[PDB]
file data.pdb (PDB, C-alpha atoms and all ligand atoms)
MODEL        1
ATOM      1  CA  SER A   1      -5.937  -2.870  12.737  1.00  0.00           C
ATOM      2  CA  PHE A   2      -2.860  -4.255  10.788  1.00  0.00           C
ATOM      3  CA  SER A   3      -3.609  -7.284   8.587  1.00  0.00           C
ATOM      4  CA  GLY A   4      -1.577  -9.690   6.446  1.00  0.00           C
ATOM      5  CA  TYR A   5       1.712  -9.177   8.289  1.00  0.00           C
ATOM      6  CA  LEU A   6       4.286 -11.909   8.783  1.00  0.00           C
ATOM      7  CA  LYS A   7       5.538 -12.075  12.396  1.00  0.00           C
ATOM      8  CA  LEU A   8       9.370 -11.941  12.543  1.00  0.00           C
ATOM      9  CA  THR A   9       9.869 -11.568  16.323  1.00  0.00           C
ATOM     10  CA  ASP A  10       7.799 -10.847  19.537  1.00  0.00           C
ATOM     11  CA  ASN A  11       7.365  -7.217  18.340  1.00  0.00           C
ATOM     12  CA  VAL A  12       8.432  -6.947  14.675  1.00  0.00           C
ATOM     13  CA  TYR A  13       6.017  -7.646  11.788  1.00  0.00           C
ATOM     14  CA  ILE A  14       6.574  -7.284   8.034  1.00  0.00           C
ATOM     15  CA  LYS A  15       4.395  -7.002   4.907  1.00  0.00           C
ATOM     16  CA  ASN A  16       4.960  -6.397   1.187  1.00  0.00           C
ATOM     17  CA  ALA A  17       2.946  -3.197   0.956  1.00  0.00           C
ATOM     18  CA  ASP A  18       2.961   0.388  -0.188  1.00  0.00           C
ATOM     19  CA  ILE A  19       3.271   2.337   3.096  1.00  0.00           C
ATOM     20  CA  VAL A  20       1.008   5.135   1.699  1.00  0.00           C
ATOM     21  CA  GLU A  21      -1.762   2.634   0.894  1.00  0.00           C
ATOM     22  CA  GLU A  22      -1.152   0.889   4.201  1.00  0.00           C
ATOM     23  CA  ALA A  23      -1.415   4.226   6.103  1.00  0.00           C
ATOM     24  CA  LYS A  24      -4.670   5.237   4.299  1.00  0.00           C
ATOM     25  CA  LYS A  25      -6.174   1.822   5.076  1.00  0.00           C
ATOM     26  CA  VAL A  26      -5.114   1.401   8.724  1.00  0.00           C
ATOM     27  CA  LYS A  27      -4.843   5.126   9.762  1.00  0.00           C
ATOM     28  CA  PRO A  28      -2.268   4.077  12.473  1.00  0.00           C
ATOM     29  CA  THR A  29      -1.519   6.254  15.497  1.00  0.00           C
ATOM     30  CA  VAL A  30       2.030   6.669  14.073  1.00  0.00           C
ATOM     31  CA  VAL A  31       3.433   6.399  10.572  1.00  0.00           C
ATOM     32  CA  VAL A  32       7.218   6.700  10.305  1.00  0.00           C
ATOM     33  CA  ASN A  33       8.671   8.810   7.533  1.00  0.00           C
ATOM     34  CA  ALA A  34      12.163   8.150   6.119  1.00  0.00           C
ATOM     35  CA  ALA A  35      13.101  11.779   6.554  1.00  0.00           C
ATOM     36  CA  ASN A  36      16.245  13.820   5.910  1.00  0.00           C
ATOM     37  CA  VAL A  37      17.561  16.493   8.355  1.00  0.00           C
ATOM     38  CA  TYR A  38      15.882  19.265   6.352  1.00  0.00           C
ATOM     39  CA  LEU A  39      12.470  17.520   6.202  1.00  0.00           C
ATOM     40  CA  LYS A  40      12.623  17.992   2.401  1.00  0.00           C
ATOM     41  CA  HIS A  41      10.271  15.198   1.307  1.00  0.00           C
ATOM     42  CA  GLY A  42      11.393  14.934  -2.309  1.00  0.00           C
ATOM     43  CA  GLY A  43      11.617  11.247  -3.101  1.00  0.00           C
ATOM     44  CA  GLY A  44      11.431   7.690  -1.781  1.00  0.00           C
ATOM     45  CA  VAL A  45       9.057   7.086   1.129  1.00  0.00           C
ATOM     46  CA  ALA A  46       9.137  10.818   2.107  1.00  0.00           C
ATOM     47  CA  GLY A  47       8.112  12.011  -1.340  1.00  0.00           C
ATOM     48  CA  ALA A  48       5.357   9.418  -1.503  1.00  0.00           C
ATOM     49  CA  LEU A  49       3.961  10.223   1.985  1.00  0.00           C
ATOM     50  CA  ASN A  50       4.157  13.960   1.278  1.00  0.00           C
ATOM     51  CA  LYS A  51       2.390  13.619  -2.106  1.00  0.00           C
ATOM     52  CA  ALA A  52      -0.410  11.629  -0.341  1.00  0.00           C
ATOM     53  CA  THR A  53      -0.942  14.606   2.027  1.00  0.00           C
ATOM     54  CA  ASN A  54      -1.313  16.964  -1.030  1.00  0.00           C
ATOM     55  CA  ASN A  55       1.960  18.661   0.193  1.00  0.00           C
ATOM     56  CA  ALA A  56       0.486  19.516   3.649  1.00  0.00           C
ATOM     57  CA  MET A  57       3.306  17.453   5.215  1.00  0.00           C
ATOM     58  CA  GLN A  58       5.923  19.635   3.417  1.00  0.00           C
ATOM     59  CA  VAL A  59       4.196  22.914   4.427  1.00  0.00           C
ATOM     60  CA  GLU A  60       4.083  21.802   8.067  1.00  0.00           C
ATOM     61  CA  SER A  61       7.712  20.565   7.849  1.00  0.00           C
ATOM     62  CA  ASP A  62       9.038  23.865   6.437  1.00  0.00           C
ATOM     63  CA  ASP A  63       7.414  25.751   9.347  1.00  0.00           C
ATOM     64  CA  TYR A  64       8.999  23.213  11.779  1.00  0.00           C
ATOM     65  CA  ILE A  65      12.467  23.746  10.207  1.00  0.00           C
ATOM     66  CA  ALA A  66      12.066  27.548  10.147  1.00  0.00           C
ATOM     67  CA  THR A  67      11.400  27.436  13.928  1.00  0.00           C
ATOM     68  CA  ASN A  68      13.730  24.631  15.049  1.00  0.00           C
ATOM     69  CA  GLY A  69      16.473  24.176  12.492  1.00  0.00           C
ATOM     70  CA  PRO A  70      17.423  20.835  11.000  1.00  0.00           C
ATOM     71  CA  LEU A  71      17.175  17.487  12.746  1.00  0.00           C
ATOM     72  CA  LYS A  72      20.295  15.455  13.591  1.00  0.00           C
ATOM     73  CA  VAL A  73      21.105  12.289  11.556  1.00  0.00           C
ATOM     74  CA  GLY A  74      19.738   9.577  13.902  1.00  0.00           C
ATOM     75  CA  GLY A  75      17.118  11.968  15.304  1.00  0.00           C
ATOM     76  CA  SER A  76      13.405  12.480  14.905  1.00  0.00           C
ATOM     77  CA  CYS A  77      10.468  14.770  15.389  1.00  0.00           C
ATOM     78  CA  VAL A  78       6.736  14.145  15.793  1.00  0.00           C
ATOM     79  CA  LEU A  79       4.507  16.066  13.433  1.00  0.00           C
ATOM     80  CA  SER A  80       0.921  15.590  12.176  1.00  0.00           C
ATOM     81  CA  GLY A  81       0.074  12.438  10.273  1.00  0.00           C
ATOM     82  CA  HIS A  82      -2.395  14.471   8.134  1.00  0.00           C
ATOM     83  CA  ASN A  83      -4.712  12.040   6.214  1.00  0.00           C
ATOM     84  CA  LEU A  84      -2.311   9.100   6.801  1.00  0.00           C
ATOM     85  CA  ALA A  85      -2.008   8.731  10.569  1.00  0.00           C
ATOM     86  CA  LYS A  86      -2.652  10.601  13.874  1.00  0.00           C
ATOM     87  CA  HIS A  87       1.109  11.441  13.907  1.00  0.00           C
ATOM     88  CA  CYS A  88       4.071  11.178  11.619  1.00  0.00           C
ATOM     89  CA  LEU A  89       7.358  10.331  13.273  1.00  0.00           C
ATOM     90  CA  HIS A  90       9.994  11.786  10.933  1.00  0.00           C
ATOM     91  CA  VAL A  91      13.093   9.717  11.536  1.00  0.00           C
ATOM     92  CA  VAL A  92      16.480  10.472   9.947  1.00  0.00           C
ATOM     93  CA  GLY A  93      18.441   7.361   9.165  1.00  0.00           C
ATOM     94  CA  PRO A  94      22.002   7.796   7.828  1.00  0.00           C
ATOM     95  CA  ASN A  95      22.142   8.263   4.058  1.00  0.00           C
ATOM     96  CA  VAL A  96      25.161   6.195   2.985  1.00  0.00           C
ATOM     97  CA  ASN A  97      24.846   7.828  -0.526  1.00  0.00           C
ATOM     98  CA  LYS A  98      25.656  11.181   1.302  1.00  0.00           C
ATOM     99  CA  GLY A  99      28.596   9.470   3.132  1.00  0.00           C
ATOM    100  CA  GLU A 100      26.864   9.327   6.558  1.00  0.00           C
ATOM    101  CA  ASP A 101      27.824   7.008   9.463  1.00  0.00           C
ATOM    102  CA  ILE A 102      25.976   3.648   9.146  1.00  0.00           C
ATOM    103  CA  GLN A 103      26.409   3.271  12.965  1.00  0.00           C
ATOM    104  CA  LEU A 104      23.747   6.007  13.289  1.00  0.00           C
ATOM    105  CA  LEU A 105      21.081   3.520  12.085  1.00  0.00           C
ATOM    106  CA  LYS A 106      20.719   2.072  15.619  1.00  0.00           C
ATOM    107  CA  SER A 107      20.221   5.610  17.034  1.00  0.00           C
ATOM    108  CA  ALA A 108      17.624   6.252  14.323  1.00  0.00           C
ATOM    109  CA  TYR A 109      15.674   3.075  15.264  1.00  0.00           C
ATOM    110  CA  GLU A 110      15.812   4.016  18.981  1.00  0.00           C
ATOM    111  CA  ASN A 111      13.319   6.792  18.197  1.00  0.00           C
ATOM    112  CA  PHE A 112      10.704   4.063  17.541  1.00  0.00           C
ATOM    113  CA  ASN A 113      10.861   3.023  21.236  1.00  0.00           C
ATOM    114  CA  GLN A 114       9.023   6.205  22.230  1.00  0.00           C
ATOM    115  CA  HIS A 115       5.839   4.888  20.503  1.00  0.00           C
ATOM    116  CA  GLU A 116       3.875   1.761  21.506  1.00  0.00           C
ATOM    117  CA  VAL A 117       2.962   0.877  17.924  1.00  0.00           C
ATOM    118  CA  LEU A 118       4.197   2.162  14.552  1.00  0.00           C
ATOM    119  CA  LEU A 119       3.722   1.609  10.831  1.00  0.00           C
ATOM    120  CA  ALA A 120       7.235   2.070   9.330  1.00  0.00           C
ATOM    121  CA  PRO A 121       9.589   1.600   6.432  1.00  0.00           C
ATOM    122  CA  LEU A 122      13.101   0.071   6.821  1.00  0.00           C
ATOM    123  CA  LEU A 123      15.307   3.009   7.809  1.00  0.00           C
ATOM    124  CA  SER A 124      18.203   3.954   5.503  1.00  0.00           C
ATOM    125  CA  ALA A 125      16.937   1.453   2.872  1.00  0.00           C
ATOM    126  CA  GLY A 126      15.933   2.445  -0.715  1.00  0.00           C
ATOM    127  CA  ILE A 127      17.355   5.742  -1.897  1.00  0.00           C
ATOM    128  CA  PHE A 128      19.234   6.124   1.450  1.00  0.00           C
ATOM    129  CA  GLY A 129      21.652   3.448   0.184  1.00  0.00           C
ATOM    130  CA  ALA A 130      22.046   1.069   3.128  1.00  0.00           C
ATOM    131  CA  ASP A 131      21.634  -2.703   2.875  1.00  0.00           C
ATOM    132  CA  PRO A 132      17.955  -3.408   3.768  1.00  0.00           C
ATOM    133  CA  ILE A 133      18.930  -6.819   5.269  1.00  0.00           C
ATOM    134  CA  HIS A 134      21.228  -4.916   7.686  1.00  0.00           C
ATOM    135  CA  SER A 135      18.425  -2.366   8.391  1.00  0.00           C
ATOM    136  CA  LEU A 136      15.986  -5.163   9.325  1.00  0.00           C
ATOM    137  CA  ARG A 137      18.592  -6.739  11.642  1.00  0.00           C
ATOM    138  CA  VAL A 138      19.183  -3.366  13.370  1.00  0.00           C
ATOM    139  CA  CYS A 139      15.407  -2.863  13.609  1.00  0.00           C
ATOM    140  CA  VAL A 140      14.791  -6.252  15.306  1.00  0.00           C
ATOM    141  CA  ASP A 141      17.791  -5.769  17.664  1.00  0.00           C
ATOM    142  CA  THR A 142      16.879  -2.147  18.605  1.00  0.00           C
ATOM    143  CA  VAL A 143      13.122  -1.654  18.546  1.00  0.00           C
ATOM    144  CA  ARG A 144      11.227  -3.072  21.526  1.00  0.00           C
ATOM    145  CA  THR A 145       7.825  -1.527  20.700  1.00  0.00           C
ATOM    146  CA  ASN A 146       5.415  -3.016  18.102  1.00  0.00           C
ATOM    147  CA  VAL A 147       6.665  -2.170  14.600  1.00  0.00           C
ATOM    148  CA  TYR A 148       4.780  -3.057  11.408  1.00  0.00           C
ATOM    149  CA  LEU A 149       7.217  -2.795   8.547  1.00  0.00           C
ATOM    150  CA  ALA A 150       5.927  -2.038   5.055  1.00  0.00           C
ATOM    151  CA  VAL A 151       8.390  -3.114   2.298  1.00  0.00           C
ATOM    152  CA  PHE A 152       7.287  -1.760  -1.092  1.00  0.00           C
ATOM    153  CA  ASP A 153       9.488  -3.974  -3.308  1.00  0.00           C
ATOM    154  CA  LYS A 154       8.151  -7.619  -3.553  1.00  0.00           C
ATOM    155  CA  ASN A 155      11.521  -9.115  -4.517  1.00  0.00           C
ATOM    156  CA  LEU A 156      13.180  -7.287  -1.587  1.00  0.00           C
ATOM    157  CA  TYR A 157      10.376  -8.430   0.783  1.00  0.00           C
ATOM    158  CA  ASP A 158      10.989 -12.070  -0.275  1.00  0.00           C
ATOM    159  CA  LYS A 159      14.752 -11.694   0.162  1.00  0.00           C
ATOM    160  CA  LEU A 160      14.264 -10.121   3.623  1.00  0.00           C
ATOM    161  CA  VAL A 161      11.923 -12.885   4.855  1.00  0.00           C
ATOM    162  CA  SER A 162      13.912 -15.768   3.302  1.00  0.00           C
ATOM    163  CA  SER A 163      17.228 -14.533   4.750  1.00  0.00           C
ATOM    164  CA  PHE A 164      15.853 -13.544   8.223  1.00  0.00           C
ATOM    165  CA  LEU A 165      17.830 -15.174  10.992  1.00  0.00           C
TER     166      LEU A 165
HETATM  167  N1  LIG B 201       2.843   4.875  -3.950  1.00  0.00           N
HETATM  168  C1  LIG B 201       4.040   4.996  -3.111  1.00  0.00           C
HETATM  169  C2  LIG B 201       5.058   3.941  -3.503  1.00  0.00           C
HETATM  170  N2  LIG B 201       6.319   4.061  -2.743  1.00  0.00           N
HETATM  171  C3  LIG B 201       6.535   3.294  -1.635  1.00  0.00           C
HETATM  172  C4  LIG B 201       7.683   3.389  -0.945  1.00  0.00           C
HETATM  173  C5  LIG B 201       8.660   4.316  -1.340  1.00  0.00           C
HETATM  174  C6  LIG B 201       8.451   5.111  -2.409  1.00  0.00           C
HETATM  175  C7  LIG B 201       7.256   5.013  -3.180  1.00  0.00           C
HETATM  176  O1  LIG B 201       7.004   5.701  -4.184  1.00  0.00           O
ENDMDL
END
call {"tool": "encode", "arguments": {"input": "data.pdb", "output": "structure tokens", "more": "lines below"}}
Ligand SMILES: NCCn1ccccc1=O
result
Amino acid sequence: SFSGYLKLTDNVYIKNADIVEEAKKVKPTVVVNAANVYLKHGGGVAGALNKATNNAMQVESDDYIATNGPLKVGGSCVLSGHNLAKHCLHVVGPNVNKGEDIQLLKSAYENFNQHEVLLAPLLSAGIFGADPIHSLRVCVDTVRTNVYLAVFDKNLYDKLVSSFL
């Protein structure tokens, strides 16, 4: 199972790790992708997870979008986890760089409550433009299921742990 995580709360754990390497090692039941409404996995966590699946995640995602249309900001869908996990929960956090409502971050984290345990990144962090300290606070105050957060950036991981209230 998950190793080397720092316990933040009853159900939230955090580690300085590459979520792709973490997924290949643990092969969790659920890996969360930092998705956009189009499931276009170009960069950030989505681009990295997709590249690890040899683009199978993108092929599956394009078929999902062709059938269902785009997701809502704050919404999610469950697709295959390919070689990374049993399932991938594609969650759309607000992209503040695209001028999206930061209040939608709590709705985005609520999707995690449908899964008993997840390997996840901080939603709306990185290229999505939100403050990762705020994302961690929303995560701990919203998610009730067991969430193992992988933070790629060491300096950000240290800042998150050292400033955690
Ligand atoms: N080897 C994947 C590294 N990584 C982790 C998180 C987000 C983007 C990214 O490229």
call {"tool": "closest_residue", "arguments": {"input": "data.pdb", "among": "A:88, A:77, A:97, A:54", "to": "residue 111 in chain A", "atoms": "all atoms listed in the file"}}
result
A:77
call {"tool": "residues_near_ligand", "arguments": {"input": "data.pdb", "ligand": "ligand LIG 201 (chain B)", "cutoff": "6 Å", "atoms": "all atoms listed in the file", "output": "list in words"}}
result
residues 18, 19, 20, 44, 45, 48 and 152 of chain A
call {"tool": "closest_residue", "arguments": {"input": "data.pdb", "among": "A:39, A:49, A:158, A:7", "to": "residue 66 in chain A", "atoms": "only C-alpha atoms"}}
result
A:39
call {"tool": "closest_residue", "arguments": {"input": "data.pdb", "among": "A:83, A:76, A:155, A:61", "to": "residue 32 in chain A", "atoms": "all atoms listed in the file"}}
result
A:76
call {"tool": "residues_near_point", "arguments": {"input": "data.pdb", "point": "(15.5, 8.1, 4.0)", "cutoff": "9 Å", "atoms": "all atoms listed in the file", "output": "PyMOL selection string"}}
result
chain A and resi 33-36+43-46+91-95+122-129
call {"tool": "resolve_selection", "arguments": {"input": "data.pdb", "expression": "the PyMOL selection byres (((chain A and resi 12) around 8) and not hetatm)", "output": "PyMOL selection string"}}
result
chain A and resi 7-11+13-14+140+146-149
call {"tool": "closest_residue", "arguments": {"input": "data.pdb", "among": "A:63, A:150, A:144, A:114", "to": "residue 23 in chain A", "atoms": "all atoms listed in the file"}}
result
A:150
call {"tool": "resolve_selection", "arguments": {"input": "data.pdb", "expression": "the PyMOL selection byres (((chain A and resi 71) around 6) and not hetatm)", "output": "number ranges by chain"}}
result
A: 37, 70, 72
call {"tool": "closest_residue", "arguments": {"input": "data.pdb", "among": "A:121, A:137, A:163, A:130", "to": "residue 96 in chain A", "atoms": "only C-alpha atoms"}}
result
A:130
call {"tool": "atom_distance", "arguments": {"input": "data.pdb", "atom1": "CA of residue 22 in chain A", "atom2": "CA of residue 102 in chain A"}}
result
27.7 Å
call {"tool": "residues_around", "arguments": {"input": "data.pdb", "residues": "residue 27 in chain A", "least_positions_apart": "2", "cutoff": "12 Å", "atoms": "all atoms listed in the file", "output": "ChimeraX atom specification"}}
result
/A:1-2,19-25,29-31,81-88,118-119
call {"tool": "atom_distance", "arguments": {"input": "data.pdb", "atom1": "CA of residue 104 in chain A", "atom2": "CA of residue 73 in chain A"}}
result
7.0 Å
call {"tool": "residues_around", "arguments": {"input": "data.pdb", "residues": "residue 159 in chain A", "least_positions_apart": "3", "cutoff": "12 Å", "atoms": "only C-alpha atoms", "output": "count of residues only"}}
result
14
call {"tool": "atom_distance", "arguments": {"input": "data.pdb", "atom1": "CA of residue 56 in chain A", "atom2": "CA of residue 38 in chain A"}}
result
15.6 Å
call {"tool": "closest_residue", "arguments": {"input": "data.pdb", "among": "A:59, A:53, A:112, A:3", "to": "residue 26 in chain A", "atoms": "only C-alpha atoms"}}
result
A:3
call {"tool": "decode", "arguments": {"input": "data.pdb", "residues": "range 137-152 of chain A", "atoms": "N, CA and C atoms", "output": "compact mmCIF listing (two decimals), in the first residue's frame"}}
result
# COMPACT_ATOMS: atom_id res chain seq x y z
N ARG A 137 -6.16 23.24 2.12
CA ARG A 137 -7.12 23.60 3.16
C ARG A 137 -8.51 23.14 2.72
N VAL A 138 -8.87 23.41 1.45
CA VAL A 138 -10.18 22.96 0.93
C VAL A 138 -10.24 21.43 0.93
N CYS A 139 -9.16 20.77 0.54
CA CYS A 139 -9.10 19.32 0.56
C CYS A 139 -9.39 18.76 1.98
N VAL A 140 -8.65 19.24 2.99
CA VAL A 140 -8.84 18.73 4.35
C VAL A 140 -10.23 19.04 4.91
N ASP A 141 -10.82 20.18 4.52
CA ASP A 141 -12.15 20.57 5.00
C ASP A 141 -13.31 20.00 4.16
N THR A 142 -13.01 19.30 3.06
CA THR A 142 -14.07 18.78 2.18
C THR A 142 -14.07 17.28 2.07
N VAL A 143 -12.89 16.69 1.87
CA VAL A 143 -12.75 15.26 1.68
C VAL A 143 -12.83 14.54 3.02
N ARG A 144 -13.70 13.55 3.09
CA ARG A 144 -13.86 12.71 4.28
C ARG A 144 -13.29 11.30 4.08
N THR A 145 -13.08 10.89 2.81
CA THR A 145 -12.49 9.61 2.50
C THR A 145 -10.95 9.70 2.59
N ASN A 146 -10.25 8.57 2.47
CA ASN A 146 -8.80 8.56 2.64
C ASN A 146 -8.07 9.04 1.39
N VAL A 147 -7.45 10.22 1.47
CA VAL A 147 -6.77 10.81 0.32
C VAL A 147 -5.26 10.95 0.55
N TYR A 148 -4.49 10.36 -0.37
CA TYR A 148 -3.04 10.36 -0.34
C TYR A 148 -2.61 11.34 -1.40
N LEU A 149 -2.17 12.51 -0.96
CA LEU A 149 -1.76 13.57 -1.84
C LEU A 149 -0.32 13.44 -2.24
N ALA A 150 -0.06 13.50 -3.56
CA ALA A 150 1.29 13.49 -4.10
C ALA A 150 1.61 14.92 -4.56
N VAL A 151 2.65 15.57 -3.98
CA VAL A 151 3.04 16.91 -4.36
C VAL A 151 4.39 16.78 -5.03
N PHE A 152 4.45 17.06 -6.33
CA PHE A 152 5.68 16.87 -7.10
C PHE A 152 6.86 17.74 -6.64
